Each structure stands twice: as structure tokens, then as C-alpha cells.
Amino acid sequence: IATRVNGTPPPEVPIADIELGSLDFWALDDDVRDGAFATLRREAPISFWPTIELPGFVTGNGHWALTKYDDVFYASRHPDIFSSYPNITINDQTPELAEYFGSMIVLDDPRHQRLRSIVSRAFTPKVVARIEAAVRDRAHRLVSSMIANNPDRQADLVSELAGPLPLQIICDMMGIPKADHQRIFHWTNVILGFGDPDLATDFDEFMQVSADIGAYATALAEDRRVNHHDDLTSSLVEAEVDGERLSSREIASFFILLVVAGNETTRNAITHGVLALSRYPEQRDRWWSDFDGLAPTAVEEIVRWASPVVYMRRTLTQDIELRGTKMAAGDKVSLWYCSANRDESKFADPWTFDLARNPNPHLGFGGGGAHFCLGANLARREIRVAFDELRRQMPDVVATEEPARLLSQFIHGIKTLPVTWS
């Protein structure tokens, strides 16, 4: 595809053209989206928007959009005010889906910390360092297979590498048999792709997929309750929180959170990273000339640039005012990481994709504090190893078409990215 000029700011977007409540807005290209958030940061840093109407979802009240880095950081660090209960997407959750989506991410402390403590050891730096060889093995073989399977030197990066790598890693951590990885992939994509006609627009399919992955979780849990294995599902069924085992719905919700969180966002970080190296070849050249020296900053700049999670939602527990804006107890609040990560008052040259950027206190893993991404160290490893394997096996891998972008307010997804190599 065409490259662009690195450092170019987005087009001006008049504030009257911005409709965060319309699915059509989220189909526009990233230049327009980035320009819209730049206009909000400048002219309306806290503003109120209707909730997008999705067939079968509960619309409910609209939300206050926090677009400034400092406000997203403030909300994240004050959970006694900005609660993660009852949901962390904007749209209200049906009582039927609460059975499958009531994990620790929609809970406050103390119960959130008790739940997180069941699995946190498995994601600490020493424990993930052990997973590193498996990441290396899977990434090496996926890229080798891309080359063996495609003598025409053309393939889809998403289906051949970015998707399978994080999926295989988290499924093995969970104890899921390899035969079932494609069902997990499909379920993940329906749950986080709803509203995109290429994935699912029918709510019956969304509820069927939810029910099926919940039933799958429950059967695997029952098996592990009979026969322990060295995996996260056995951890879940063996835990006790003050002498009480987790309920079937708590187990199903934990399993679904871990599986979905563990593959989709990393997949999109890799695809956006390859697209950026394609658009800014100077950065590829710099990184390839010193891979290990630049990898720390390069991986962080890929996450800042991609912002794979566009926003997370909070709910006020009390009246507050910020920047002169009075917000009421019970109001929804949306935290726009995609905007915080272009905030001109926090980042020098925010429109420059600079793989040497340092410091880089981006909010791609959230604003910090109680819910800080459990998998951040694992994600950074998977990204660094995927790019090292591309450098080694197909260093000129480059996108040949513009991405097919996922239609989503929540996930900065790429459905397909055709690439070519020498």
C-alpha cells in the first residue's frame, strides 16, 4: 500500500460532525476518528453522548466521555468514585448474559482483589518468562508455515499469524485441548465483534455463542474438579474465597474473561504494528538495524499507536464535578484510551510513530490502578517475539491492501490484512 508522512496530524474535524453515539461514525477511517477526538480534547474535553443502539442489547443511559489523558488517569485511580460495577462496556447487560459476564472486571474491591488473587501469580514476570519459549516456538512455526503454505508470497496476516499466536498461548494456559482452539477463536470473535455484519448482527447468535462457551467452560471445570491438571481452569475450580468455592457462574465468567482477554487485543496490536511498519518504512529500518536495543520502546509505541481497547466504562457512585462539569451519581463514564494516547499535553509529537519514544506512559493497558491489565507482560512478550520472527524470516513483510477494519466502538480490530514478502 501507500506509505504516509510520519508526524502528519489528522484532518480538522468540526465538532458538529462528531457523533460518538452513531455506529456510522465508527465506520469512518482512523484519520477522521483521530481528528474527532483531537477536536474534543481541544473544545469539549468532557461531553455527553447517547449509547449506540445495538439490536438485543440494552441501551439505557448515555455516557460522559473523558478524552484527556489526565482525566482518564484520574478516573482509573479513583474507583471508589468511578466504579467498575455493573459493567465496563457502555451498553447495559441483560440479566441473561450476567451469568456469563460477571467476572472480576465488573467488580470493585474487596471482591475483585480476592478473585484476581486466584490467578495473579500465573502472570507475574518470573512465571511469564517461562512461557517465553512456548511463545517463541509457536511464533516461529506459524511464520514458517506462512512461507511454506504460500509460494505466491501473499497471505492474510490476521488468519495466519496475528490471530493464532495469542490464541494458542492462552488456550494452552487455560488447559483447553488443541482440537477446540478454532471454536474458541470463533466464540471470541462473535463476542467482541457484535454489530459488525461480517461477524454477527443477530442477537440470537450472540446469546447462543455465550451459552455455548459458558457450557464449554462448565464441562472443562467439571473434568478438572475430578482430575487436576497444571492449568488455570484447575486453579479456578480449586480456589476458595474465605472457605467458599466459586459458583458455576463465577467459574464460567472467569474462564470467559481470561480466554477473551488473552487473545483478541494482542492479535490487533500485532496487525496494527505490521501496518505501521508498512506505512513508515524508516521505523522498520531503524528497528531492524538494532532489534534487541529498540524492542522495549518499539513494543510500547506499537501499543500506544494501536490502542487495541478503544475505551472502558465506569459508573459514578456519587455526584462529582470535573473541569467545571457536574456529573451525577449513577451516570456512565467512558474512558477513551485511544484519545489519551494522542493527548498533545502528555506526548511530544503525538502524531509521530517513533519506535525510540521514551518516556511513553501510554494508557493502552488502561489508566493504571486496581484493574491494570493482568496480561500486560505476556502481551509485550508475544508482540516482541512475533516481530522478531518476522524480522528473521520475512524482513520486508509489507501490507498490500488497506486493512478491513472491524466495525466497533470498543475494539480497534482488523479483520484481514493481506501482506507480501520476499
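Heads up: residue numbers just count along the shown sequence, starting at 1.
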Between the two ranges 270 to 278 and 151 to 159, the one averaging a larger CA B factor in the entry: 151 to 159
Higher-B stretch (mean Cα B-factor, as the entry records it), 179 to 187 or 133 to 141: 179 to 187
Selection by C-alpha B-factor (highest) of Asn358, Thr59, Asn377, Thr39: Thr59
Selection from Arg116, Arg284, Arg245, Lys326 [criterion: highest C-alpha temperature factor in the record]: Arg245
For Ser47, the third of its chain into which the C-alpha B factor falls: middle
Third assignment of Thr317 from its chain's C-alpha B-factors: middle
CA B-factor placement of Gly364, once the chain's modelled residues are sorted into thirds: lowest
Ranked against its chain, the third holding the CA B-factor of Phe101: highest
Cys373 - Cα temperature factor, lowest/middle/highest third of chain: lowest
